[PDB]
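Proteins come first, then strands; the chains are lettered A, B, ... in the order of their sequence lines, and each starts at number 1. The analysis underlying the following values was restricted to heavy atoms, covering all of them including side chains, and did not include hydrogens, waters or symmetry mates.
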Number of protein chains: 2
Amino acid sequence: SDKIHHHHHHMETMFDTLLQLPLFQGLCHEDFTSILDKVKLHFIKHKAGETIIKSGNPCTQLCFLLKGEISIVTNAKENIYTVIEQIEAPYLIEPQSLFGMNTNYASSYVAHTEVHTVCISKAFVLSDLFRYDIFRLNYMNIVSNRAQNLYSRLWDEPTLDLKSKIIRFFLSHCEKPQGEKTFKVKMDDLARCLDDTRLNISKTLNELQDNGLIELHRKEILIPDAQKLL
Amino acid sequence: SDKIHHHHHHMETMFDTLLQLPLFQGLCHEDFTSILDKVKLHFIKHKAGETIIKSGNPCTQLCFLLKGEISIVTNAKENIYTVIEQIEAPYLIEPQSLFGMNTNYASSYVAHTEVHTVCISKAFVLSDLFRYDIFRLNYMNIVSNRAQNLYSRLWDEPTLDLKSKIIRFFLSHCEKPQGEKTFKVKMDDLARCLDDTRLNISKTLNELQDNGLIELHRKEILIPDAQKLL
C-alpha cells in the first residue's frame with residue numbers, strides 16, 4: 001500500500017513512546033529496536049469522538065496510545081453507573097485483557113482528541129516478544145501488580161463517614177488518582193451503591209462541591225482532579 | 001545428604017500433584033518430566049500446627065502443597081479481622097507474589113494436618129520454567145484471571161440488605177466459595193466494616209446461624225461450607 005517510511009524518525013517516535021512505558025523498561029535502544037523489527041506494527045489514527053475499543057469485544061492485540069488523549073469508559077453491572085477517566089499518551093491499553101478466561105476488553109476507549117495508536121497482534125506478542133526474558137518479566141510484573149493492588153484494597157480499614165465512603169467509591173473506580181473523571185450515575189442508583197439515603201448523599205456531595213472538589217450536573221459528577229480528594 | 005530416590009515413584013507423585021494444577025496444564029508427561037528434571041526441587045514436611053509461610057516475609061520461591069490440608073490466614077489492616085480458609089492438596093501458593101513491586105507473601109499458611117510441600121526457587125522459575133511457552137502462558141493466565149476477577153467485583157450491583165452485605169463480605173474475602181472458613185472479628189470491628197450497628201448485625205448473624213449457615217463463637221464466626229451461602 002502507498003507508504004512513506006523514514007526509519008530513523010519512526011524509531012525516534014518509538015523511543016519517545018513505547019520505550020518510556022513499564023512494559024519496555026530495562027531495554028537498551030538497540031535491543032528495543034531489534035524486538036520491534038520482528039513484529040508487525042499497525043498504526044491507526046482516530047478522530048476526536050471515535051470509539052477506539054468497545055467493551056465486550058475480544059482483545060486480540062496490545063494497543064498503545066502514542067499521541068493524544070483518550071477516555072476510558074467503564075459501565076457497572078446493568079449500567080447503574082458509568083465512569084469516564086481521561087488518559088494521556090503514552091499508555092498501554094488493558095495489558096491484563098490479553099490473557100485469561102475472559103479475553104474481552106473490560107472497558108471502552110474513546111478518542112478525546114485526535115489520537116494516534118499502534119497495535120501488535122497477540123500472536124506476535126506470544127511468539128516473538130514473550131520469548132525475551134526482560135519483556136516477559138515486565139509484563140508479568142504489570143499484571144501481578146494489578147492483582148496485588150486490587151487484593152490489598154479488600155483488606156483496608158473501613159471508612160468511618162459518608163464523605164470518606166464517597167471518596168473511596170470514586171477513587172476505587174479510577175485507574176489513577178490524578179486527573180479528570182466523570183461519574184454518570186442517577187441518585188437512586190448511587191444511594192443503593194453506598195447503602196445510604198438520597199438526603200445524606202445529597203448533603204455530602206454538596207459539601208464536596210462547595211469545597212471545590214467535584215461539580216454536580218444532571219445525573220453526573222465531574223471530578224476535575226481526583227488527586228485533590230486524597 | 002543421606003537420600004533415598006526411586007525416580008519412578010517420585011515422578012508418579014509429581015504426575016498426581018503438580019501435573020494436575022493449572023500451572024502445568026497442556027503438558028504431556030514426557031515434557032512435564034523434562035521440565036522438572038532441570039530444576040532443584042526442595043521437599044519439606046511440616047507438622048500439624050506449624051507455620052509454613054508467614055505473611056510479610058519475602059516470596060522467593062513457588063511453593064506447592066502436595067499432601068495434607070493447610071489454612072490460609074489473612075489479616076486485614078490493623079488486624080481488625082482475620083480470615084482462616086482451609087485448602088486441600090494439591091495447591092500452588094500465591095503465584096501472584098512471585099512478581100511485582102511487593103514480592104512479600106500476602107497471607108500466612110499453616111499446616112492444618114501433617115503436610116508435604118515442594119518448592120522451586122524464583123531463579124529456577126525465571127531461568128528455566130519461563131523459557132517454555134506453555135508454562136509462561138499458563139502462569140500469565142493465572143495471574144490475569146486473578147486481576148480480572150478482582151476488578152470485575154468492583155463493578156457489581158450493590159447488595160440491597162444486611163444479610164446480602166454480610167454474605168458478600170464473607171465471600172469476597174475467600175479464595176474459593178466452598179469449604180470451611182473462620183472469620184475472627186470483634187463485633188465493634190465488624191459493625192465498622194459493614195457501616196451498620198451491633199444490634200442489626202447481631203440480628204442478621206443470628207438468622208444465618210439459625211438457618212445453619214454459620215456458627216457464632218466468642219469473637220469468631222465459623223462458616224462450615226461457604227458454598228451454602230450462594
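- Interface residue B:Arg131: backbone and side-chain heavy atoms are both found under 4.5 Å from chain A.
- In this structure, B:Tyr91 has its ring center no closer than 6.0 Å to that of B:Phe64.
- Using a 4.5 Å cut-off between heavy atoms, A:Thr103 does not touch chain B at all.
- Contact count versus chain A (heavy atoms, under 4.5 Å) is highest, among B:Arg192, B:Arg153, B:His173, B:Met101, for B:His173.
- Looking at A:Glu175 and A:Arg146, a side-chain N of the basic residue comes within less than 4.0 Å of a carboxylate O on the acidic one, giving a salt bridge.
- Residue B:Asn102 touches chain A through both its backbone and its side chain, counting heavy-atom pairs closer than 4.5 Å.
- By the side-chain hydrogen bond (donor to acceptor under 3.5 Å, both in side chains) test, A:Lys54 is found to be paired with no residue, residues two or more places apart in sequence or in another chain being considered.
- Aromatic pair B:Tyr132/B:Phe32: centroids not less than 6.0 angstrom apart.
- No side-chain donor-acceptor contact under 3.5 Å links A:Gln148 and B:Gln96.
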query = Please walk me through it: do A:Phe130 and A:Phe99 pass ring pair (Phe, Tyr, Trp, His ring centres under 6.0 Å)?
reply = CA-CA 13 Å; A:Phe130 253 90; A:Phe99 295 93; 5.4 Å; yes
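- Residue-level contacts of residues 136-144 of chain B with chain A, in order of numbering, are B:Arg136, B:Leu137, B:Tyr139, B:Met140, B:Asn141, B:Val143, B:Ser144; threshold 4.5 Å between heavy atoms.
- Taking the charged nitrogens against the carboxylate oxygens, A:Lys186 and A:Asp189 have no contact shorter than 4.0 Å, which rules out a salt bridge.
- When the options B:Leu194, B:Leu205, B:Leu162 are evaluated for a side-chain contact (heavy atoms from CB on, under 4.5 Å) with B:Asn200, the one that passes is B:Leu162.
- Using a 4.5 Å cut-off between heavy atoms, B:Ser107 touches chain A through its side chain atoms alone.
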